Number of protein chains: 8
Amino acid sequence: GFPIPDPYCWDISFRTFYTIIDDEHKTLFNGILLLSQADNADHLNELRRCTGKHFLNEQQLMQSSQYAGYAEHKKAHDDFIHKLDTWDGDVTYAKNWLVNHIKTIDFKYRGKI
Amino acid sequence: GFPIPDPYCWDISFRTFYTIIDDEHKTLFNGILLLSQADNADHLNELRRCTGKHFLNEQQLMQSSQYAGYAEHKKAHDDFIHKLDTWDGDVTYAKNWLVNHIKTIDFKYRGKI
Amino acid sequence: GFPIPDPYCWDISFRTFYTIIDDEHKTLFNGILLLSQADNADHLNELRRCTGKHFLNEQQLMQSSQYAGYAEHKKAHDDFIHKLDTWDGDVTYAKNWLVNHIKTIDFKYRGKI
Amino acid sequence: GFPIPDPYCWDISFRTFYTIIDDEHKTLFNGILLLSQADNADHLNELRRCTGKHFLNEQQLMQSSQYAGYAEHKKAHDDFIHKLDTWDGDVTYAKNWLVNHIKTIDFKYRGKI
Amino acid sequence: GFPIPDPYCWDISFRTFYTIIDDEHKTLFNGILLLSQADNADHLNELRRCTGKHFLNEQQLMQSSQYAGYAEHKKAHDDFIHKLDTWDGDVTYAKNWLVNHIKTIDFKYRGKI
Amino acid sequence: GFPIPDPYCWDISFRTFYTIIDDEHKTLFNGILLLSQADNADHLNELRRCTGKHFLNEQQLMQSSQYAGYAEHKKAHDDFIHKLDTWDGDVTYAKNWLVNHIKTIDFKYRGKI
Amino acid sequence: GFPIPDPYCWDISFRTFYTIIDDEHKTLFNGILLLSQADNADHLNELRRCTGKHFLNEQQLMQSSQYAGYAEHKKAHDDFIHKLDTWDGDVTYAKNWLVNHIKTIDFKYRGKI
Amino acid sequence: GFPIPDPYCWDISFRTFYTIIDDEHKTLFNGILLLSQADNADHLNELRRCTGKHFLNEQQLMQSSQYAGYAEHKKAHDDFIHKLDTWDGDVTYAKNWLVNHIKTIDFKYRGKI
């Protein structure tokens, strides 16, 4: 278990060293913070758009080097989209999910893509 | 039921806030107006090309954020192409179809893609 | 000296056979049509954006084949941008300008770019 | 004169309806937030990179439609780059600058680019 | 039956009005002329590369507007590649094939893509 | 001093091993061939377009690797554009020019760009 | 059997005449040399990334001209990735594999793509 | 003052964490290695091409985030191009130059571009 930032914002400990990836991640932190402030459709739309987009871009980056962990990673992503598409308002889950995802799954592709 | 513009041209009430989308939509209004002036092959070709192109671009935009309503939207598009490919000269149908499509189906992706 | 379409909308007599160019032209016609219905800011912004975008894209297209008539063409474009930036509500001027510009200046690059 | 969000993070009141622009803005907010926590080099590099990248992309976007307010806008951007290149630790200035810049200068191009 | 140019070179009667397409077609005329001069591997390689490339690009152009005749056209292309991949030295067939293909199959997509 | 192919068409002795470059060259040969059959405007426009496009693309290619012989090369190109812009019907000049240009100036960048 | 360079580095005998391909190949020689110096995860990651990327790019190049040997070539590539993904430390195999691959399989696409 | 790798090949101590940059650097190392084996034209062309291409790409990368140290960096690059354009066979200079350039000038932009 990694610490959950408060305020729930990206910090340099999340750096992957892929600047486009890092810049997209900042948008996912932000989407989750807005929902924590107000659980509404606008905020969910914002997060869901940024998530969908980030997951696809990152997947494309993985495929460009035929990354061996692509299948498993894509599955993790798809499971989170499902959660956003069946949103129940569990912001705590989302806060945790994103921190652990970056620091354990994204961190495993560093130097391989 | 939304009002059918006369002359059958795009107005700012159709704005989606995606400038490329709006610019493509203007070409679909125009294609339908020409057919209303003269139901010939040139006019149908023009509309059919612009429709095919717009539908594909918009679909690509939807996919870039893994838009959850993609499947349903694509199906709506494909049904209209079919109509254009089996054209019977029913310009009234087309005039209605396009107004309702933009204002109810396209308007639902705003803020999500 | 060419006729002014009424309603003020693109027709196949304006085809340049550059589909990209034709599709952008359809947006300039629409832009002038809106102004002709309501001379306001939303409508002028719409024409202005489309005009600026079309003129630059067309200019790029000319540059790609090192078109001999570029400088003269670009000077024509810049003059019209200038009129839009100092709009005076002279919708008749604009209806006229566009019709002649396409049918005389743009028709000139066909087959050369 | 606009309120400063606390915590210093992007919110939907800043939406420009250009998703690319909004997503880059989220990175400038985060950049200023880091500096507000720790005024060090890692944090300033992060803000500086994101700022330089966003300003140039936004500038390109303005240029694509030959935006009339470009020169004034670019001069605003260049002044802020300059402050970052001679950073003085004035985090309050930066919090302020960004908020007003978006809500006044960037809001101005909406519908024109 | 259309006349077979002699020398076997592209002329403006083959124009499709798509400059990229026309420029690629010129390379197919050339590939067939070389083979007519000397039926060797170099010449076949040249034609086969240019054919493969042209067919794919043109197919991509067709798909961008969801051209209704794509399937039939692609099949015609694939049948010619097969011939090149099982080359028997029948230059007369190839000379005929290309003239008839452009003037009857390619000419049918004009204004639709 | 190189032989002039008859018929005036590209052959593999002109290969530069840059497939893009070779394919554009084939269009310049064809352009000169048309003029050699009929010295008219359709034919000159065709050569002129292809020439302008090829020279700029090749120039870009040179620039991408910061080619040392660029300035000299570009000056050669610009002189020939100039002859085409003041065409005098001297088809012999053109047949000659192209053959030597490729086999001397273009052959020089091989392996350096 | 072709000679194995020592030091295990790319030389001009490996030239394919496709500069992007040659530049990528240099990265595969380097990846294998590092492993020969120290069989660790960093070195394997480096080679595996460069291999995955090169194989995909080259495959894309093959497909752009509908290269007839694509299937067989892709299979050869996939078999090598498998080896890297089940790495047993047999650097000798890898040194041999790459030399023979370039000089017999890659060399067969020259002039065809 | 950094050690010179022997054999003169890239190693992970040179990583900048910009995979594109690292992969281009590997080509400069190889270029200098060839010259170190045979001081001829094929080898110098190879280094020169790769150097020109890498320096411009890296320069573009710097420009994309409006890097503060660009002008100083570009001046360093241009000096080395100049040495290659007036090659004197001083391979020791080159081995040295590259090692220090990366480890001092290039290492400086990390995290800022």
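With respect to G:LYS83, is the statement that it is away from every other protein chain (no Cβ under 11 Å) and basic (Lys, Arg) true? Please lay out each step first, then the result.
Working: away from every other protein chain (no Cβ under 11 Å): yes; basic (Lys, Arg): yes.
Yes: the conditions hold for G:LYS83.
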Run C:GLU72 past the list (1) among the charged types (D, E, K, R); (2) away from chain F (no Cβ under 14 Å); (3) over 12 Å from the mean Cα position of the chain (by Cα) and report the number of the one that doesn't hold. (2)
So in region E:56-69, with the set limited to residues that are facing another protein chain (nearest Cβ under 9 Å) and under 15 Å from the mean Cα position of the chain (by Cα), which one is nearest to E:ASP22 (Cα to Cα)? E:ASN57
Pull out all pairs, ordered by first then second residue, where Cβ-Cβ is under 8 Å, the residues are six or more apart or on different chains, the first lies in region C:4-28 and is facing chain B (nearest Cβ under 9 Å) and assigned to a loop (DSSP other than H, G, I, E, B), and the second is hydroxyl-bearing (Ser, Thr, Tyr) and surrounded by fewer than 20 Cβ atoms within 10 Å (Cβ to Cβ). C:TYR8/C:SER36
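Right, F:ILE32: surrounded by fewer than 18 Cβ atoms within 10 Å (Cβ to Cβ), aliphatic (A, V, I, L, M) and touching a helix residue (DSSP H, G or I) at 6+ places or on another chain (Cβ under 8 Å) or not?
It is false that F:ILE32 is surrounded by fewer than 18 Cβ atoms within 10 Å (Cβ to Cβ), aliphatic (A, V, I, L, M) and touching a helix residue (DSSP H, G or I) at 6+ places or on another chain (Cβ under 8 Å).
Look through region H:35-55, keep the residues that are more than 16 Å from H:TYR93 (Cβ to Cβ) and crowded, with 17+ Cβ neighbours inside 10 Å, and return whichever of them is farthest from the other protein chains (Cβ to nearest Cβ).
First pass over region H:35-55, keeping only residues more than 16 Å from H:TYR93 (Cβ to Cβ): H:37-38, H:40-42, H:45-46, H:49-50, H:52-55.
Checking which are crowded, with 17+ Cβ neighbours inside 10 Å leaves us with H:45-46, H:49-50, H:52-55.
Numbers: H:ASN45: 5, H:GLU46: 7, H:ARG49: 5, H:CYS50: 7, H:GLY52: 3, H:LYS53: 5, H:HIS54: 9, H:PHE55: 7 Å.
For region H:35-55, the residue satisfying everything is H:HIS54.
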Take region G:77-86 and flag every residue that is under 30 Å from E:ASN57 (Cα atoms) and crowded, with 16+ Cβ neighbours inside 10 Å. G:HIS77
Restricting attention to region B:75-89, does a residue exist that is more than 27 Å from A:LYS53 (Cα to Cα), β-branched (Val, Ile, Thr) and free of Cβ contacts under 8 Å to residues at least 60 places away in the same chain? yes
Give all pairs with beta carbons closer than 6 Å in which a residue from region D:42-54 that is within 8 Å of D:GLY31 (Cα to Cα) meets a residue that is of a type in the set (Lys, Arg) and not in a helix (DSSP H, G or I); count only pairs at least 6 apart in sequence or on separate chains. none
Quick one: F:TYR70 ticks every box in (1) free of Cβ contacts under 8 Å to residues at least 40 places away in the same chain; (2) in contact with a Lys or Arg (Cβ under 8 Å, 6 or more places away or on another chain); (3) among the aromatic types (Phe, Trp, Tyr) bar one, so which box is it? (2)
If we keep only residues of region E:56-67 that are surrounded by fewer than 19 Cβ atoms within 10 Å (Cβ to Cβ) and in contact (Cβ under 8 Å) with a residue 12 or more places away in the chain, then the residue farthest from E:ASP6 (Cα to Cα) is E:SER64
Within region F:48-80, how many residues turn out to be more than 14 Å from C:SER64 (Cβ to Cβ), of a type in the set (A, V, I, L, M) and touching a helix residue (DSSP H, G or I) at 6+ places or on another chain (Cβ under 8 Å)? 4
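Please note: Cβ atoms are built from the backbone with ideal geometry, for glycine as well, and neighbour counts cover all protein chains shown. No lab work stands behind these numbers, since they all come straight from the coordinates.
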